[PDB]
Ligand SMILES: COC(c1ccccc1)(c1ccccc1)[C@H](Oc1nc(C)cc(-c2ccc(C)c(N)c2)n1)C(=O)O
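There is one chain below, alone, in structure tokens, taken in the form deposited without the named molecule.
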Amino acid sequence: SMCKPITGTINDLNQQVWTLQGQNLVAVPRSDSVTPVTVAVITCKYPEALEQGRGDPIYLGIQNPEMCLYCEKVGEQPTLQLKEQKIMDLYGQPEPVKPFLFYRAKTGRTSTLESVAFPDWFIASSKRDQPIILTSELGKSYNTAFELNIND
């Protein structure tokens, strides 16, 4: 059983890698030779409590600094935020903390990442140097299929 998160990097099919610019995750071409952000993933303990058939629910964060991805709902639409949060705190909670959770659905070499709290909103990248965001639009102007370079 998982006793710590698995770490690695994430990129999209246009080979844009996730990086931390200030306080935002941003996708940039690997060619830029920037330092990718180190991502941290851990599976929720209680998948039976969540929807089945949508992928494995995971907590998703970055390291150095330690922050977790979160779907915030202050306005009309949910938006993707980084919160100062210990991933192992989330893992230690006696019930799933839905706004920090994402369904990872694998298809071949890639995974989509869907908000558990806001169904059919997906983590996405788009153009070079744009923030990683949540979108309800699949297939359009947004990349939602990610290569998760972590040792599952």
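For every residue, the number given is its place in the sequence shown, counted from 1.
A second form of this protein, the form deposited with the named molecule bound, is not displayed here; the remarks below concern that form.
For this chain, the superposed copy of the named molecule, brought over from its placement in the deposited bound form, has 3 or more atoms within 2.4 Å of the backbone and C-beta atoms, so the pocket is blocked. Taken together, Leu50, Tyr91 and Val97 are entirely out of contact with the named molecule in the deposited bound form: none brings a heavy atom within 4.5 Å.
Listed stretches are 30 to 38, 51 to 59, 64 to 72, 79 to 87; the contact stretch with the named molecule in the deposited bound form is 51 to 59, by a heavy atom cutoff of 4.5 Å. By the criterion of a heavy atom within 4.5 Å, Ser115 is excluded from the residues contacting the named molecule in the deposited bound form. Within 4.5 Å of some heavy atom of the named molecule in the deposited bound form lies at least one heavy atom of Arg104. Contact check for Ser125: no non-hydrogen atom falls within 4.5 Å of the named molecule in the deposited bound form. Along 92 to 112, a non-hydrogen atom within 4.5 Å of the named molecule in the deposited bound form is carried by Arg104, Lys106, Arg109, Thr110, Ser111, in order along the sequence.
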